[PDB]
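**Q**
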Amino acid sequence: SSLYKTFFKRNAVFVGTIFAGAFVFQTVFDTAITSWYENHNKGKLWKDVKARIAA
Amino acid sequence: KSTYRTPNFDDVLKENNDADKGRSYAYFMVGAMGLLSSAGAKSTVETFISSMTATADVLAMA
Amino acid sequence: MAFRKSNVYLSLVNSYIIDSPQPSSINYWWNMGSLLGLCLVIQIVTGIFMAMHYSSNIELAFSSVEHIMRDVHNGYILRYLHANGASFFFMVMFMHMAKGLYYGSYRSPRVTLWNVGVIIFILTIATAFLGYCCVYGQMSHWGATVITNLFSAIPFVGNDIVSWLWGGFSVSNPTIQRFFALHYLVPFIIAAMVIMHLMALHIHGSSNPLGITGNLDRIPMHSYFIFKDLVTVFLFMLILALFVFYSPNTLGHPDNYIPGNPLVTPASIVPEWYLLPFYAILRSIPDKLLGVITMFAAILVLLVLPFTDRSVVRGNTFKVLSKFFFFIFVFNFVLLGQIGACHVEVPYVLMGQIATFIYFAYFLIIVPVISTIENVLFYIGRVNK
Amino acid sequence: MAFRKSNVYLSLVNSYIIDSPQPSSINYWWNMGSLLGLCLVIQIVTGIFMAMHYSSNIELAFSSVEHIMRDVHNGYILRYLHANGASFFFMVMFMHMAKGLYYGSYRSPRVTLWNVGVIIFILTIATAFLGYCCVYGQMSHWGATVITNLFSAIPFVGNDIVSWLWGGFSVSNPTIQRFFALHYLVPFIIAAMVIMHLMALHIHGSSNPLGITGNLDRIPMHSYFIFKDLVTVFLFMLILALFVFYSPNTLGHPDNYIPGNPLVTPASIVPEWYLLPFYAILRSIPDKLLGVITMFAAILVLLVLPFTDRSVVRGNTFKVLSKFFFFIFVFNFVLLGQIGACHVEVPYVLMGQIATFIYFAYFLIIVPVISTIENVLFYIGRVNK
Amino acid sequence: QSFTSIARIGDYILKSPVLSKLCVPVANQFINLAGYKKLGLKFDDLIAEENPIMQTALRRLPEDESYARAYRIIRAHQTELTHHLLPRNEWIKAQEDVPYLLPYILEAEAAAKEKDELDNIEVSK
Amino acid sequence: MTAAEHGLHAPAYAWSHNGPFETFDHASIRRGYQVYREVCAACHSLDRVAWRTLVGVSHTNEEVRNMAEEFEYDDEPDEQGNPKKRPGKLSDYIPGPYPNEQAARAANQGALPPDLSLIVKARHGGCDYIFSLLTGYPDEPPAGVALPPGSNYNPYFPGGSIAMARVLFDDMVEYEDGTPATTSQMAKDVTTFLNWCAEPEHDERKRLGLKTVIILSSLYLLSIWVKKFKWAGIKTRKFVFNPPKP
Amino acid sequence: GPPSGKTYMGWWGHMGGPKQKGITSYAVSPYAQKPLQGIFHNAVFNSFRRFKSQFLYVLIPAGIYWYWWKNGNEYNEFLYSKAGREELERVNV
Ligand SMILES: CCCCCCCCCCC(=O)OC[C@H](COP(=O)(O)OC[C@H](O)COP(=O)(O)OC[C@@H](COC(=O)CC)OC(=O)CCC)OC(=O)CCC
Ligand SMILES: CCCCCCCCCCC(=O)OC[C@H](COP(=O)(O)OC[C@H](O)COP(=O)(O)OC[C@@H](COC(=O)CC)OC(=O)CCC)OC(=O)CCC
Ligand SMILES: CCCCCCCCCCCCCCCCCC(=O)OC[C@H](COP(=O)(O)OCCN)OC(=O)CCCCCCCCCCCCC
Ligand SMILES: CCCCCCCCCCCCCCCCCC(=O)OC[C@H](COP(=O)(O)OCCN)OC(=O)CCCCCCCCCCCCC
Ligand code: HEM
Ligand code: HEM
Ligand code: HEM
Ligand code: HEM
Ligand code: HEM
Ligand SMILES: CCCCCCCCCCCCCCC(=O)O[C@H](COC(=O)CCCCCCCCCCCC)COP(=O)(O)O
Ligand SMILES: CCCCCCCCCCCCCCCCCC(=O)O[C@H](COC(=O)CCCCCC)COP(=O)(O)OCCN
Ligand SMILES: CCCCCCCCCCCCCC(=O)O[C@H](COC(=O)CCCCCCCCCCC)COP(=O)(O)O
Ligand SMILES: C/C=C(C)/C=C/C=C/[C@H](OC)[C@@H](C)[C@@H](OC)[C@@H](C)CCc1oc2c(O)c(OC)cc(OC)c2c(=O)c1C
Ligand SMILES: C/C=C(C)/C=C/C=C/[C@H](OC)[C@@H](C)[C@@H](OC)[C@@H](C)CCc1oc2c(O)c(OC)cc(OC)c2c(=O)c1C
Ligand SMILES: OC[C@H]1O[C@@](CO)(O[C@H]2O[C@H](CO)[C@@H](O)[C@H](O)[C@H]2O)[C@@H](O)[C@@H]1O
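Residue numbers (UniProt numbering), protein chains in the order written: chain A, 4 to 58; chain B, 31 to 92; chain C, 1 to 385; chain D, 1 to 385; chain E, 3 to 127; chain F, 62 to 307; chain G, 2 to 94.
Okay, here's the thing in structure tokens:
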């Protein structure tokens, strides 16, 4: 796959990059999951209920 | 049978279209397994370490 | 030579985990050992971290586990990992042992390997017992009570041993505090025993699914098996994760969510699932003394297998009759567990008694009879006169 | 082959304790090792048994140790053995280390042996510290505070680590409970390191007082050294019994018989005797960070000896200048300990700073200069050219 | 169980027309169900070898058959690891499933038995 | 065991929190607290639940602060050593109705109303059982069943004879959000609140579970692919035998 | 190093097997093989091979035990229902 070659060229990914990628993955993955999770539970969360209770 | 006549590996070998097809796939697979293992390991280490931080019941700012 | 071979410490790692010659054909059933190592580590690590927020005093025990569940960051993960981890530890040990039964792993020259294993099984069960007591729920109190009393069946000194174990007139403060002390100790003894297990495994190497010598075609542990084990490590983690986060209490008993009460034994009392078969065995004998003996003998009989198997070949792979009875045994073991989960009632009592006999008869009668028959069958099925 | 050599388990016992070829001339100083093994076992066994009656809760700790002292049958013997046993462990360890410096046990091919030893020394000190904290006397509390605060010197993350070690705003419940959990854990880590220590010792064997090869005359470990070690074992037990039964609190501090008080550091505060020399080193530096670094460097500089000893012969046996400076080192260490017990006052502060300098100068300046000089003395004192 | 014992019982049955007509068919069925021939192994290749009698026997086995045994074993582990069976034309046929090692095993067993008896003979003065 | 002794099996209701991806309905938690305070609190404690845990879950900081300040707690004694009280705070635990077990049994004909902090996890059936029990009291026991003077019949309770009488009746409470307070609606609401008391980590547990299972599922498939690659040379290894010349 | 006992397994170069002669083996680099697609070609096709060959050895004992359980489970159910109290008084005490 040329998609791979353009970035690493027949070499395996090095540790530094692996670790660096792990850090990017944690942040991005967490946000995406929380986002999906909260949306799937719209109306049930406390922040949603707090908005309702206004009187 | 002469030892010089190598047996048939046709069904296993790929046509030389891209010799690096297997390599790239193999390296991406290893790379991703290492990326996710590293994220997982970091998360596990943090889970244990964080369990030693001030519990919910002792953070009282009286 | 390579530093991994010349260094005093690395050479040990190299011989056991890197250059170790494995039979080229060992299947996934041989991945259970590495899995048990993971379990032990999981159990120890989670236990130590929880130990930092736990109190053994009989009055603070239950609430301190509640404190870990509610106040400790990721505390519920630690507890569910530990608790569900214990269950997975037994399911994997049962498969590891069954793998041993099926492939004749207990046969010479691996008898010591098998015996040390039986030692590990006993220590593991005792450890699990001690750990469960530390929660101090209804099941904990009564489990501590019933199990310590097992020793009251010893003639003469019986009741003194029990008072000595309790440290008082009944399961109380000194009992829970020493049990937690002991719960912390044994995992380290098991580890020591695991090392001995591996030492015996190493002088003979692993066996294989064919039951014949693996000496003609070995492949290094490193890469092939290091990566093959990783496959099962991840599947084990995936399934344990499913239980830990999505169904953390289906393997336990709701009664252990009620603080222990010395005056009331719940009518809904039931031992932990992995102890159910042995519980059923004991329950089948209408005699106190004979009951504990038979239950303990149920574990010790595993030691007789190297001598009751008369087969001239190792393993069940090419043996129709042995394969059939091996599954009878396995399924009889599950039924013994289901019987254990039932009440002492008419159909169930006789079934348990019958299943208990089938359990012992397998080692003492069926195996030696069937193996002898198969030896002759293999002979007359080819030789002319 | 004899069963002791053929069996997988006994062969290890045989190579380390029975047929191990020992240099015929090793003297009683080579008996400290076995004595340290005895110390570890004494600590572990007495500790486990006390753990059975202990409560790590900060509100219950001190009283639980009093409960062991008064209510537990032979409980005062457990505590006095454990407590005095700790001091003896350190006195024997200091002699073990001193023996090493003197006879050049740290040099090639035994550096790995020495480095593991330095590791063990650190672990033991941390263990003893954690243990002292579990009593929760006045010295316990403040010791915990000072020592955990040692880490606040780390730039940026400093105060964060302390908060994490404490598990709160100050040394409190979370701290004492985790310290007990870790106190139980480290001794098993030490046991494991001791195995690594023995593994490194084994491939090269022990050295001897002559500092030369022992290969031309070895005698078996069994009988000879098994019975010689027994001599020191009984002596060790005799002296320890004298303290345990007749002077149980001589090596301790009265302030630790007072429950920890978070609002009052006694003016009579003094560290446990075995930590005084290191404490004196820290006090000698009028800077916080440099103070903790110098104190830690005091332990790490032991790793430098293999390289700063320029001598062509191993040991001080035949070296006048080295023998002399070695004792300057020993008494300087003792003096550093004495300064440690004194108040931060005029004569003492300078003495401590100079003694601290001598302590470091020994490894970095004296040893290399003296060894070089002696190399040339041995040469010109006989070579006629 | 010793092969001498197996043979004694087996010969007895094999000589008896009544037992032979009754058992052998069941035994033939058993061996086909066993499936080792589908892996390319002969029964004698299945005997656990980690014991002195088998080591003696395998030592005495002629060079050529020994090389043949080694091949069947290696080929079997490979086939088994791939989770396949060998093509039918490579399966050991009943005619080929010969007890080649058995005579060496019986010989070794008889020698050890005699040695054991001689080591424990009593004397009558 | 007879049906009566077993107790009637509790049916499976559609709790909005049943499912790997579902959080609790917080509006139901908030409503449940009210039912607990106005109907259950008089006999049942919630000892393991601290006020501060309601904040950000079912009430605001202010609402909880005010709720807690309605109760008294033992304060530190004055300068003279005499005992003194103080209004509760966020760090305190929801106060129980009785000073001790004896007072509790006295107010309940010898029976002891259990603490409900873990009731959902301390009983087979969980929410379904609690809900079924609260809404399962018939007007009269079945024909032939003699009820112990002081007892109440409920099919879901093992034995059928329970010391607690039916307490939920239509509109005995007036929900703040205008929700019709029917018995079953109130039963649904407290049970939801009681489940939160027992498993306050629920919502966060499931969120991390989704993360953990996606990572591990991926890791698992990845490991298989990688394994197959490292074994490809062995898996396809070919052997040929040429009987050596003697 | 001390002399330890002999076993049936050695190490690389002296494993403990018979002498090997006449066997030739061949292999190909994993890097030269078709990027793994044998997960859904010769794994799902050859699937249920290990099944239909062994399932009987598992299914018959499984079925035997399941039947015995269901049979005894139903007998218990009857024994504890109204219709079974007569037979219950008998078989029990
Ligand atoms: C409740 C607590 C449970 C905790 C335990 C969790 C771990 C379970 C371990 C499972 C086990 O030991 O089963 C082993 C049997 C023997 O199998 P075998 O003869 O050696 O394999 C031939 C392979 O297909 C070779 O094939 P492969 O090329 O190595 O890939 C194999 C397969 C392995 O999958 C696994 O994870 C193994 C279970 O990967 C896949 O294709 C799966 C894709 C979804 O595998 C089976 O037959 C499984 C049925 C029992
Ligand atoms: C301190 C609190 C905790 C420690 C408690 C344990 C104390 C043990 C540590 C002491 C130690 O290691 O001392 C070593 C020195 C070196 O000694 P060496 O050169 O090798 O010996 C030649 C032997 O006399 C040969 O003679 P022997 O035939 O072996 O008998 C020796 C002697 C041994 O006494 C001991 O207990 C050993 C110390 O027995 C006696 O006759 C005298 C009985 C009092 O022994 C000495 O004499 C010390 C000299 C300063
Ligand atoms: C104290 C004593 C304790 C011991 C008790 C036993 C432990 C309890 C049992 C738990 C699970 C263990 C299952 C049996 C262990 C694995 C068996 C095994 O090794 O099977 C190998 C077999 C086929 O492999 P082959 O190599 O023989 O194939 C021939 C290739 N030429 O593979 C097969 O035949 C397929 C495997 C079918 C497994 C089905 C297991 C049913 C278990 C019930 C699960 C319990 C949950 C309630
Ligand atoms: C972190 C730093 C760690 C290091 C700290 C060191 C702390 C000091 C340790 C305390 C005890 C000191 C032990 C002395 C060290 C070993 C002594 C030794 O080995 O002496 C050998 C010497 C004569 O031995 P030879 O082998 O050379 O004889 C050859 C005959 N041809 O024989 C002699 O010299 C005579 C024996 C000398 C006795 C030692 C007296 C010092 C006692 C200290 C008192 C403790 C105060 C509380
Ligand atoms: C903490 C528990 C245990 C650990 C860590 C452990 C670990 C291992 C390991 C790493 C292996 C080699 C790979 C494998 O076959 O899985 C092994 C093999 C073996 N173990 Fe265990 N084991 C444990 C308990 C037991 C028990 C309880 C028994 C027996 C009652 C047992 C019997 C065996 C046998 C017989 C083998 C050889 C299998 C063969 O090669 O055919 N083990 N074990
Ligand atoms: C082989 C390893 C171990 C096994 C099989 C084991 C098993 C158990 C079991 C079954 C329980 C009760 C689980 C529950 O229902 O809550 C338990 C509880 C506990 N264990 Fe362990 N344990 C092991 C190691 C450890 C270690 C090394 C420690 C100590 C450092 C430890 C500390 C505890 C604590 C604190 C509890 C109480 C909290 C809880 O209930 O989980 N365990 N253990
Ligand atoms: C619990 C801790 C320790 C134990 C149980 C232990 C045990 C032993 C044993 C049994 C020996 C052989 C006999 C002897 O020379 O006394 C030995 C040798 C040795 N140990 Fe240790 N040791 C410990 C700590 C240390 C420490 C802290 C150091 C150094 C910082 C150290 C340095 C050495 C050296 C260098 C030798 C070789 C001496 C020679 O043969 O000349 N050990 N030890
Ligand atoms: C092996 C090295 C060990 C050392 C150097 C050591 C050292 C110490 C020290 C210095 C104290 C304080 C003594 C006092 O002044 O009262 C202590 C206390 C204690 N240790 Fe250890 N200990 C060790 C191992 C253990 C082990 C394995 C346990 C097991 C849990 C243990 C349990 C305790 C307990 C419960 C106390 C408090 C009671 C007391 O004051 O003695 N120790 N330890
Ligand atoms: C809607 C508010 C209430 C809830 C959610 C509730 C819930 C419960 C639950 C789940 C049980 C456990 C039954 C079991 O063992 O399975 C119980 C028992 C009990 N409750 Fe309540 N209850 C409420 C109100 C009351 C009231 C107002 C009183 C006091 C007059 C009361 C008195 C009791 C008693 C005495 C028991 C003992 C039952 C026995 O062991 O027989 N409850 N309740
Ligand atoms: C007590 C036992 C517990 C666990 C037993 C399981 C044994 C497997 C350990 C895995 C180590 C893999 C190292 C590979 C290596 O060094 O080869 C290195 C390559 O390493 C890699 O490519 C990194 C891949 C990512 C490894 C995944 C980490 C595993 C997650 C840990 C979970 C285990 C608890 C040599 O590579 P090369 O041969 O091509 O030159
Ligand atoms: C952290 C651990 C450090 C390293 C651990 C190794 C240290 C070994 C210390 C243990 C000394 C005790 C050894 C006693 C065993 C000698 C007898 C023996 O091995 O007989 C074994 C059988 O042993 C057993 O069944 C039980 C094992 C005992 C488990 C002990 C807890 C016979 O084995 P054998 O050597 O005779 O094999 C050839 C004969 N065909
Ligand atoms: C010491 C071993 C304990 C690990 C047992 C694994 C069983 C499955 C549950 C794991 C959950 C623990 C943490 C968690 O909840 O993280 C969750 C993510 O978990 C994973 O990715 C788990 C995959 C496991 C990979 C582990 C690599 C091996 C461990 C190396 C340690 C040095 C949540 O992450 P987060 O707190 O959001 O950052
Ligand atoms: C200080 C250390 C001590 C005292 C160690 C003791 C170790 C004992 C044995 O391990 C070797 C023992 C755990 C092991 O027996 C072989 C198990 C299979 C016991 C099985 C077992 O469990 C029960 C249980 O869990 C219960 O829970 C609520 C209740 C129980 O009855 C009502 C039982 C029970 O009736 C039996 C037989
Ligand atoms: C979870 C585990 C943790 C955090 C472990 C930390 C370990 C740290 C070090 O061990 C390696 C440390 C113990 C070691 O430093 C090298 C010692 C020599 C420290 C010496 C030491 O003792 C004191 C002491 O004992 C006191 O008692 C009343 C009081 C003290 O001041 C008043 C001191 C003190 O001022 C110093 C420097
Ligand atoms: O505590 C309630 C009280 O009611 C009695 C009255 O005879 O029982 C009847 O009424 C109850 C409340 O409606 C029912 O729960 C019960 O099933 C019914 O028989 C007393 O028995 C009971 O103490």
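Don't be surprised by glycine CBs; every beta carbon is placed ideally from N, CA and C.
If we ignore side chains and look at the alpha-carbon of each, how far apart do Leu12 of chain C and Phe3 of chain C end up?
**A** Their backbone Cα atoms lie some 12 angstroms apart in a straight line.
**Q** Ligand 9 and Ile223 of chain F: does any heavy atom of the ligand fall closer than 8 angstroms to the residue's C-beta?
**A** Yes, ligand 9 has a heavy atom inside 8 angstroms of this Cβ.
**Q** Sorted by chain position, which residues of the same chain lie with C-beta nearer than 8 angstroms to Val135 of chain C's C-beta, five sequence neighbours on each side aside?
**A** Excluding sequence neighbours, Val135 of chain C sits near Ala61, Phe62, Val65 and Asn256.
**Q** Taking the C-alpha atoms as reference points, what is the distance between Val157 of chain C and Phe180 of chain C?
**A** Roughly 25 angstroms separates the two Cα atoms.
**Q** Quickly, what does DSSP pair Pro23 of chain C with across the bridge? List them, please.
**A** Per DSSP, C:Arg218.
**Q** Are the segment 364–378 of chain D and the segment 305–324 of chain D touching, with three or more C-beta to C-beta distances below 8 angstroms?
**A** The segment 364–378 of chain D is in contact with the segment 305–324 of chain D.
**Q** Say whether the segment 19–35 of chain C touches the segment 216–224 of chain C, bearing in mind that this needs 3 or more beta-carbon pairs closer than 8 angstroms, one atom from each stretch.
**A** Segments in contact, yes.
**Q** Taking the C-alpha atoms as reference points, what is the distance between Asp47 of chain E and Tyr102 of chain E?
**A** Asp47 of chain E and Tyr102 of chain E: Cα-Cα distance of roughly 9 angstroms.
**Q** Since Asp40 of chain B sits in a beta bridge, which residues does DSSP pair it with?
**A** DSSP output for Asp40 of chain B lists no bridge partner at all.
**Q** Distance, Cα to Cα, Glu41 of chain A vs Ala88 of chain F?
**A** Roughly 15 angstroms separates the two Cα atoms.
**Q** Report the rounded CA-to-CA distance for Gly117 of chain C versus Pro187 of chain C, giving the unit in angstroms.
**A** So the two alpha carbons sit approximately 15 angstroms from each other.
**Q** Beta-carbon separation of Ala69 of chain B and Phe32 of chain A under 9 angstroms?
**A** Yes. Within cutoff.
**Q** Please indicate yes or no: does the CB of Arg218 of chain D lie closer than 8 angstroms to some heavy atom of ligand 7?
**A** Outside the cutoff, so no.
**Q** At 4 residues or longer, what runs of the alpha helix (DSSP H) sit wholly inside the segment 226–266 of chain F?
**A** The qualifying runs are 244–259.
**Q** Taking 9 angstroms as the CB-CB cut-off, is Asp19 of chain D touching chain G?
**A** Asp19 of chain D counts as touching chain G.
**Q** Give a single yes or no on whether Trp29 of chain D has its beta carbon closer than 8 angstroms to a heavy atom of ligand 2.
**A** Yes.
**Q** Contact criterion: CB-CB distance below 9 angstroms. Does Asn74 of chain D meet it with respect to chain B?
**A** It does not; no Cβ of chain B falls within 9 angstroms.
**Q** I'd like to confirm something about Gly143 of chain D: is its beta-carbon nearer than 8 angstroms to some heavy atom of ligand 14, or not?
**A** Indeed, a heavy atom of ligand 14 lies less than 8 angstroms from the Cβ.
**Q** Could you check if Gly64 of chain B belongs to the surroundings of ligand 10, using beta carbon to heavy atom distance under 8 angstroms?
**A** Yes, the beta carbon of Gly64 of chain B sits closer than 8 angstroms to at least one heavy atom of ligand 10.
**Q** If distances are taken between C-alpha atoms only, which option among F:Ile275, F:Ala165, F:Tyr190 and F:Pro216 comes closest to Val251 of chain F?
**A** Closest option to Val251 of chain F, Cα to Cα, is F:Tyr190.
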